[PDB]
Amino acid sequence: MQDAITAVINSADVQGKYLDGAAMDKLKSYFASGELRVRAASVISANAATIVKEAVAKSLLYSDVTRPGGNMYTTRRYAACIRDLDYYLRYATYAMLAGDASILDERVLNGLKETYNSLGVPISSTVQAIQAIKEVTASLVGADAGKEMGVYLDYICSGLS
Amino acid sequence: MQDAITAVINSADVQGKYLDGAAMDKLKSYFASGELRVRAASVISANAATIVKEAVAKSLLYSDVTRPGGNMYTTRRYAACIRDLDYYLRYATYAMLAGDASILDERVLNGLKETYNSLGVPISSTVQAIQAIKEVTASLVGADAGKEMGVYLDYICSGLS
Amino acid sequence: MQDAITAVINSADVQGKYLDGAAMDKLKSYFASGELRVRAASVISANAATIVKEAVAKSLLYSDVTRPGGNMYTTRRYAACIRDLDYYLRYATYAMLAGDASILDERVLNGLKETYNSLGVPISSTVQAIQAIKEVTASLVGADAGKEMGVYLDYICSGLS
Amino acid sequence: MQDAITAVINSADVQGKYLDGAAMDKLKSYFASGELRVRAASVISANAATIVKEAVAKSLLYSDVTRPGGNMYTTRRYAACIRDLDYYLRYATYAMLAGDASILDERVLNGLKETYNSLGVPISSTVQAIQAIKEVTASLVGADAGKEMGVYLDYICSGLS
Amino acid sequence: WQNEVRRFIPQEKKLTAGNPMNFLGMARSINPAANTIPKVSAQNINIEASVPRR
Amino acid sequence: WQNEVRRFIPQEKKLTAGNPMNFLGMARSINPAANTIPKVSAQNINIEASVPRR
Amino acid sequence: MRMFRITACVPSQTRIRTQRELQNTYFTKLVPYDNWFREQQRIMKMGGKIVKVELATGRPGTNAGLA
Amino acid sequence: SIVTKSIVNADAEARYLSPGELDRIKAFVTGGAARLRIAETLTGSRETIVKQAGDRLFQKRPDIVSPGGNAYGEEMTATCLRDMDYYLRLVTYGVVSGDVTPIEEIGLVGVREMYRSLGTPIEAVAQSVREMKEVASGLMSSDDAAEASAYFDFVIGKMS
Amino acid sequence: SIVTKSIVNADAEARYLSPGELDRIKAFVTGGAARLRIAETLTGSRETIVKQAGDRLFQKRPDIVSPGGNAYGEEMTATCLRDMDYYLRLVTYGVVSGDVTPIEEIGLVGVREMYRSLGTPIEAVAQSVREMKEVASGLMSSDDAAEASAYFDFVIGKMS
Amino acid sequence: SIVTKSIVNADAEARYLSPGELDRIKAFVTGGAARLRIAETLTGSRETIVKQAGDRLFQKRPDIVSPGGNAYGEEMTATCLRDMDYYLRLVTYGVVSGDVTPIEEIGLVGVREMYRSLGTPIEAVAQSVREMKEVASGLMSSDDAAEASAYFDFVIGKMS
Amino acid sequence: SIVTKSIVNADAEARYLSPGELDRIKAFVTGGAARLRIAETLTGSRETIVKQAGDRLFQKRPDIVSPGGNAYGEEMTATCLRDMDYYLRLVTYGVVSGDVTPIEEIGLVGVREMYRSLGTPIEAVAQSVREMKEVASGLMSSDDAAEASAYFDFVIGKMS
Amino acid sequence: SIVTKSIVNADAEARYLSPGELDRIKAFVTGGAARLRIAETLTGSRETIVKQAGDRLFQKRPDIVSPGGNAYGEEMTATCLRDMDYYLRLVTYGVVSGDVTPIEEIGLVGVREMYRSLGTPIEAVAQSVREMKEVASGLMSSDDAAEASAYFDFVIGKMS
Ligand SMILES: *[C@@H](C)[C@H]1/C(=C/c2[nH]c(/C=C3N=C(/C=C4\NC(=O)C(CC)=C4C)C(C)=C\3CCC(=O)O)c(CCC(=O)O)c2C)NC(=O)[C@@H]1C
Ligand SMILES: *[C@@H](C)[C@H]1/C(=C/c2[nH]c(/C=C3N=C(/C=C4\NC(=O)C(CC)=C4C)C(C)=C\3CCC(=O)O)c(CCC(=O)O)c2C)NC(=O)[C@@H]1C
Ligand SMILES: *[C@H](C)[C@H]1/C(=C/c2[nH]c(/C=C3N=C(/C=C4\NC(=O)C(CC)=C4C)C(C)=C\3CCC(=O)O)c(CCC(=O)O)c2C)NC(=O)[C@@H]1C
Ligand SMILES: *[C@H](C)[C@H]1/C(=C/c2[nH]c(/C=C3N=C(/C=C4\NC(=O)C(CC)=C4C)C(C)=C\3CCC(=O)O)c(CCC(=O)O)c2C)NC(=O)[C@@H]1C
Ligand SMILES: *[C@H](C)[C@H]1/C(=C/c2[nH]c(/C=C3N=C(/C=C4\NC(=O)C(CC)=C4C)C(C)=C\3CCC(=O)O)c(CCC(=O)O)c2C)NC(=O)[C@@H]1C
Ligand SMILES: *[C@H](C)[C@H]1/C(=C/c2[nH]c(/C=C3N=C(/C=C4\NC(=O)C(CC)=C4C)C(C)=C\3CCC(=O)O)c(CCC(=O)O)c2C)NC(=O)[C@@H]1C
Ligand SMILES: *[C@H](C)[C@H]1/C(=C/c2[nH]c(/C=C3N=C(/C=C4\NC(=O)C(CC)=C4C)C(C)=C\3CCC(=O)O)c(CCC(=O)O)c2C)NC(=O)[C@@H]1C
Ligand SMILES: *[C@H](C)[C@H]1/C(=C/c2[nH]c(/C=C3N=C(/C=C4\NC(=O)C(CC)=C4C)C(C)=C\3CCC(=O)O)c(CCC(=O)O)c2C)NC(=O)[C@@H]1C
Ligand SMILES: CC1=C(/C=C/C(C)=C/C=C/C(C)=C/C=C/C=C(C)/C=C/C=C(C)/C=C/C2=C(C)C(=O)CCC2(C)C)C(C)(C)CCC1=O
Ligand SMILES: CC1=C(/C=C/C(C)=C/C=C/C(C)=C/C=C/C=C(C)/C=C/C=C(C)/C=C/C2=C(C)C(=O)CCC2(C)C)C(C)(C)CCC1=O
């Protein structure tokens, strides 16, 4: 995977040059953002279970999926969705802390589409749950940390879409 | 897989017949090839690293392929393409000593184009890699043995190309 | 395909928001650049026929590409090469008028890379040819207009990269 | 279109009979003429642009036909005149090789008098250009070939006139 | 007693098919007669009868 | 009446970071100290004690 | 190649077009012989009327020498 | 004629004939004497070639002249023999012309529809023209046999 | 004329010449005095402009006036001066009209076929028209020179 | 290759090879010995043929090497002679194939774009290949020179 | 980098980054100014750092340039300078990133295969990187010397 | 020994030795006299061949004995002579065995790690064993050259 610090390194090394003023400025910008990134990651890790709980409550619970026959039925499947939402949140936090959404398409988005197609998972329902998680985290971590988390979660959703 | 001897055997056996005169004469032809093929195999096995070394040194080495941006860059991909050339040389030697290309398209051509496209490997650059391998082998195996080396390596390129 | 103005309008429409201060500042920037873009367009349509001449002369003449065996030998190949350079020049001028890379994504770079790969034409030599036409157009269109032309040409190279 | 062969074949078949003596004699005459036909065709094809070039130079250039007011003024009208002369020469060659003017009025004489009269083309100037083609072709091919081309050119001028 | 100095610049490249090298010397044998510098005024040509009136 | 006689050779491709051409003069700047030809023949060495034994 | 020339007036019976249409309403065109039957049938189907037609190219009644 | 095909193919490219077409015309005008000799030989004995071919077809396809047959009856057999003579004349036309354009333009375009209207087993007609080819080859020189049989056989294949 | 181009473009979509074009025709008719003045400026000094235009062209490309070239003889160079005068008049027509449609309708459609039938190196024609443009820019008063540069440059582009 | 566009023409019509095309292939294969002889005679005499053709081209039209010309450079003359070699190889390939397929499909399609990009006059190279034809007919047997000059006429006219 | 390393380590256990990882990233991002300045310092002396690095290496192991060595002439010594600049750039990448993994991604995976297929003594390469470390620490502050020496030392260890 | 290899393969397949294996050991046992002759010749002339091949290796690669190389110092060149003696004895062992198992497991498996620990340029040892090959071929008969060269080629390829 790639982050904001090694993204500049790869970008400079593809042409083989050293780190010039532009690369230096990009690194300083990432280091400036690192404060908010670390604070947001710590806060999200502290409240991951509650965040996924609230996102499930306002986006999936008491609907057709949770009713019998639905894909939320068969409590093993409900735990599978809880685990999937936890995975999405944790990998979004990874991408936000890294500063680049390359881990998302390398450890999350890789093969997810046909995974859900074979399992018959509601892709739009999962997308809606992801925006619910985005809204919940944005209301708990602030405006800018929520900004970055929403950016990476929306990248995940667009990969899903 | 199958070679010329196995080719005549299964060609006779599919019709459920013994060795007719046609199979008799192609077996005579393959036996006449005989010591030449095995001597070429031994000479190839002697300086086995040398063919790939000077093949890299002639075409791929010292170019935009091996420079930054090119797929040759970094030590990992350099060693990876060296391993690829080693596969190609060993399997060309196997096909030569067998006299048939069934080993190549049963062990190389199956999915190799698509597996390079997945890694985005330059098909053309590999093409002149095996090309340079052709004369590097011909300079050590002679003309006729070098000619058949060229034929089999051209088959490898065509399957890859 | 959308220009800078239509790109801003579509971006505002995506959020369902009016043109805020960033919208007007970007619009005024494009309006200021319109004078330079129009004059550069006139200058480049002035010499679109001749400019590609020295663009290819200092890039793809008397080299391995033009000779037999090269992918630019034969009148069809040379004609298609000069026509491809003409297409790149014309469409980059189109983008410079529009001031957006949207046209290149769908009308130039869309399907061009694998088209060249199937054709077997040297993509790297095309990259150097587009760089050469970059300096050639910068010579006639000026520095600032030259930079605007060069950014689009480098975008074409990166897409073809 | 009827040539020296298909004309005889149709004349025989309309009466529903085989090749009689007169058809024998006329087919023999055409067969004898065929050698000179092919030779003159090669002669005309060798210098196909030439005869029209000196014909226009000697009968059309530097006159009121091409001066302001003449129908051959302007590049579009000049190119149209040149294309018409090339068409006339090519169809004269075709009628030469066929031995009959049936194609001559089947392809190039289809309403051309009406077309030129509607467009206001000078019939006298067209006939003069046709004659200028005539002596150039006669000089380039020979005496009898020149005469047999002149008969078809006279067919052209009569159809136009 | 020496080492073939490893060349990464492809020096000593034979003139292959496509190179006009193989004609340069023979062009030297041809030695084309370049026409002299024309001395045309292009300033005193009264263009009213110098243009043909055919 | 200056004329541009364009030569045979293709325009020399611009040097890149990967190519050691930009280091080539640096090598001549280095001028590394080579080594004389070692004058040993190995015939007068006898492998019973000339080999280390410690 | 034994072509017909046809003048015909085919009107529009389903849509009211706001662009100029004399070019495709009343027209004289050269139709090949092998395509004349199909063109006539199609023009008849669309309500068009074949105002006039004549063998512009070729000679009628020729058994051979048609191409 | 072959020349008509040459100008047709050239005008399709809007250009003078290629060296191949001019070579074709030269060879055809040179060999026109032999081609006309072959045509005269076929024409002179035509009532014999058509006759023997019709008889041979009658042995090979007795159903044609069997009761209930399309050619059953003296008049229907005469009509079939007239068809045979027509197609022999068309083959002579093709031989003199140098190509198979007159053959198609006269007796090969829409022949299936015509014989469907007449209800004829066109395969038997192809067998009949094969018999005509054999009879013509029997009474004609071996070298001329190839040229005559080429056109006879094109007729057979298009009508087969 | 810009009016004719606007009419044709509006007819392409069956519109009523939307105000975004009507203001342009209004500005053209208002400012036509400057274009007319440029017209007299180019008309009066046409002889000199074409003359040193040919001088510069020959200095950069003496092939045409050379004995091997197309313009040799002092009558063919007369023809080049005549053609340059024609294209100068065409550029005047374009500048007075307001657009490039008269230029295409007069001396740009089929020009390649015109100069291929004459052996003219049309690239040399483009160079000569460029030098005419430079001479006009020297004679024209800056912004008027820039305005006429549109027509001269369009002739350059279509000529090559 | 005669057979290649013969088969292409047959496939375009969805039909087998006609008797005329078959006979043309017959004559081509039977007379291929002369074509191979001409291939050898052109390959062997390449240097003298190109030398005399280029010299007579230069002496007829010095403007190609005159000041400001596209071949003023000493290297430009050798590049032109390389073009001469290329077209000579194309003519050899075409005479070998018995057909003008390889000439058009190697060095004719888009040559006008070639020369507009590089500025070389088309008429000049047409005259050069005319000189090639003249010298080749000088060095070649009369009957063989007939076909060689026919193919040279094809290339000169089509490229003219 | 260090962030990538922490993310990978957390992903291995399928958990969020621990407070130790978080405040390590905290300290790294806070102190990144010094790391970027040291990377700038190493970049600036690149030409000289390579220069005396290679000089000291050759004086220490002349066999690599001596008769029989991998880099005999100025050409192969230039190639050594090229690789030398490669690994200087790698050390700079490590310093800016703060973690050795990009070096592993670039110039440490399969390096033994590289320098066995090339015949280069990898021990000499290690000595050259050690000369990197010595001279670079000579031309920078002691604490900054240790900060860069971490990555130079890691490259040295991966060498041997 | 090939007998051990055949037994190992048969035991892996859990089958008695196939006719191919039986013929293999039969040919080996019948031809053991030649292998013993090769072993005796190598043992008798070992001291001269090793010295000559070491001299030729020095002539190819003088840097190995230059002041700073692994072989520099008479101790460190006598150790090369002893290593070449060891490899020659291993080749002699393999010649009398019929397979390369003793070569593989006495000096081949793990040779790279040993020569990395000692710093020896393994490619130099490959050149040295090559020189041993030419020396043995020179001193030994033509027909046995193939047999000895097979083992030398195997050792070179594996240890290269
Ligand atoms: C009171 C007796 C206890 C209690 C129950 C309780 N449950 C919910 C909500 C849900 N219960 C389920 C359970 C299942 N779904 C299944 O598919 C299966 C069988 C395969 C089970 C057992 C689910 C999925 C939900 C939420 C979704 C939905 O209701 O459709 C609630 C309400 C929770 C809320 O916040 O809305 C309650 C009260 N809770 C207790 O404390 C008692 C022990
Ligand atoms: C001399 C009297 C004629 C002439 C020659 C001329 N040619 C060039 C340059 C080129 N010509 C070619 C030609 C071909 N490429 C092909 O693939 C084929 C065969 C299939 C041909 C015939 C090419 C590729 C070039 C460019 C590179 C090269 O030289 O090989 C020049 C140079 C012109 C310039 O400005 O570069 C010249 C002078 N020019 C004439 O005017 C005469 C007709
Ligand atoms: C110099 C003191 C030592 C030495 C080095 C040496 N290297 C080469 C050639 C190459 N080195 C590389 C290495 C890399 N390329 C990459 O992209 C990467 C990561 C960025 C690495 C590590 C390559 C690819 C080459 C091949 C040529 C090329 O760069 O394209 C040589 C020359 C080899 C030859 O024979 O040409 C040398 C001398 N060798 C020593 O003995 C010194 C200890
Ligand atoms: C070398 C000739 C060219 C080149 C290639 C290149 N290959 C890879 C990576 C792989 N190549 C293979 C090869 C094979 N897989 C098969 O099944 C067969 C038949 C046995 C072959 C030959 C494989 C397996 C890999 C991936 C696994 C691995 O690394 O061992 C790379 C690296 C791709 C990357 O970094 O993702 C490259 C560069 N590159 C050149 O420049 C040569 C022209
Ligand atoms: C010139 C810099 C290089 C080069 C060119 C070259 N291209 C082709 C063929 C094609 N090029 C294109 C590309 C486009 N067509 C479009 O309409 C557009 C949209 C913007 C693009 C970019 C296509 C589609 C083709 C294939 C069809 C064609 O024949 O044109 C060729 C010939 C390929 C062949 O097999 O004949 C060539 C030679 N070649 C080089 O070596 C230069 C680096
Ligand atoms: C001169 C720098 C270049 C050149 C030109 C050239 N042209 C001619 C002859 C004619 N050109 C035309 C046609 C036009 N000229 C125009 O300006 C326009 C206005 C739209 C048109 C249509 C005509 C009519 C002629 C004369 C023929 C005729 O009377 O119909 C020549 C002389 C040709 C001749 O054979 O006399 C020349 C030299 N040629 C070059 O080489 C220069 C690059
Ligand atoms: C030149 C020798 C004389 C001349 C010619 C001239 N012709 C036109 C216009 C047309 N000419 C034709 C004729 C044909 N078109 C064909 O396709 C063929 C058969 C293959 C022929 C014979 C046609 C159809 C037109 C009108 C359509 C078109 O543009 O092609 C013009 C232009 C008239 C105008 O008003 O534009 C001219 C000048 N004029 C002379 O004075 C010469 C004697
Ligand atoms: C109305 C007051 C009078 C009338 C009109 C009428 N016209 C049609 C049909 C057509 N009218 C035209 C005319 C034009 N089309 C154009 O593009 C232009 C040039 C800009 C003109 C002048 C055409 C072409 C048609 C036929 C095609 C079409 O309509 O698309 C009709 C309909 C006739 C019918 O039965 O289809 C009518 C009624 N009729 C009156 O009685 C009024 C006096
Ligand atoms: C095979 C074949 C066919 C042909 C088949 C054929 C050959 C068919 C032909 C069949 C024939 C020969 C039919 C004739 C029938 C005669 C009748 C009914 C007359 C009766 C007379 C009467 C009642 C008069 C009685 C009387 C009256 C009352 C008087 O007043 C007093 C006296 C008198 C006796 C005159 C087809 C055509 C079908 C197909 C092709 C094909 O191959
Ligand atoms: C090439 C090569 C190498 C080998 C390299 C070599 C050969 C290295 C060897 C280098 C040598 C021979 C160094 C000599 C050092 C002697 C010193 C410092 C003694 C000073 C004495 C003093 C000051 C005494 C003064 C005095 C005092 C004070 C008194 O009291 C009074 C008198 C007295 C004089 C005694 C390597 C091994 C590195 C690698 C492999 C390889 O091949």
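If you look chain E up in the PDB entry, it shows as Phycobilisome rod-core linker polypeptide CpcG from Synechocystis sp. PCC 6803 substr. Kazusa. What the PDB entry is called, per its title line, is "T-cylinder of Synechocystis PCC 6803 Phycobilisome, complex with OCP - local refinement".

Naming follows the PDB entry, where chain A appears as Allophycocyanin beta chain of Synechocystis sp. PCC 6803 substr. Kazusa. According to the UniProt record, the Subunit comment for chain A is "Heterodimer of an alpha and a beta chain." A UniProt comment under Sequence similarities is attached to chain A, and it reads "Belongs to the phycobiliprotein family."

Turning our eyes to something else, we now look at the interface of chain A and chain K. Opposite the 33 residues of chain A that make contact, chain K presents 31 residues. With both sides pooled, the region where chain A packs onto chain K buries about 2900 Å², and carbon together with sulfur makes up 69% of that total. At the junction of chain A with chain K, the criterion picks out four salt bridges. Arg89(K) serves as the salt-bridge partner of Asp13(A), at 2.5 Å between the closest nitrogen and oxygen. Run the count over chain A and chain K and you get 13 residue pairs in polar contact. Within the residue set of the side of chain A that touches chain K, elements represented by two or more residues are α1 (4–14), α2 (21–46) and α4 (76–98) of chain A.

Turning next to the environment of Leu27(D). Among the secondary structure elements, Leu27(D) is positioned in helix α2 (residues 21–46). For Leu27(D), a relative accessible area of 2% corresponds to the buried category. The spacing of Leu27(D) and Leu160(D) is 133 residues in sequence and 30 Å in space, taken between C-alpha atoms. Residues in contact with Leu27(D), not counting those within four places in the same chain, are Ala4(D), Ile5(D), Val8(D), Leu19(D) and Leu36(H).

A word on the site of ligand 7. Residue and element names in this part refer to chain D. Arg76, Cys81, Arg83, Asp84 and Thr126 are the nearest of the 21 residues found near ligand 7. Measuring from an oxygen atom of ligand 7, one finds a side-chain N or O atom of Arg76 at 2.8 Å. A distance of 2.8 Å separates a nitrogen atom of ligand 7 from a polar atom in the side chain of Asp84. When ligand 7 sits alone it has 880 Å² of accessible area, and the protein chains cover 79% of it.

What counts, and where the lines are drawn
- Numbers given for residues start from 1 on each chain and follow the written sequence, which can depart from the numbering in the entry; residues without coordinates are excluded.
- Labels follow written order: the first chain is A, the first ligand is 1, and so on.
- Values throughout refer to the chains shown here, themselves only part of a larger assembly.
- Remark: hydrogens and water are excluded; side-chain values derive from all non-hydrogen atoms of the structure.
- UniProt positions are given in the numbering used here, feature names are shortened, and annotations may be inferred rather than shown by experiment.
- Residues count as neighbours in contact if any of their non-hydrogen atoms are within 4.5 Å of one another.
- Buried area: the sum, over both parts, of the accessible surface (1.4 Å probe) that disappears when the two are put together.
- Whenever a carboxyl oxygen of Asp or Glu lies within 4 Å of a side-chain nitrogen of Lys or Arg, that contact is scored as a salt bridge.
- Throughout this description, a polar contact denotes any pair of N or O atoms lying within 3.5 Å of each other; where both atoms belong to protein, one of them has to be capable of donating a hydrogen while the other can accept it, and for residues adjacent in sequence the pair is counted only when both atoms sit in side chains.
- Strands are runs of DSSP state E lasting at least 2 residues, helices are runs of H or I lasting at least 4, and numbering of each runs from the N terminus.
- Only protein chains enter the calculation, and the probe is 1.4 Å; a residue is then buried if its accessible area is under 20% of its type maximum, exposed if over 50%, and partly exposed in between.
- Only heavy atoms are used to decide nearness, and a residue is near a molecule or strand if one of them lies within 4 Å of it.
- Reported accessibility uses the Shrake-Rupley method at a 1.4 Å probe radius. Residues are deemed covered only where the shown protein chains occlude them.

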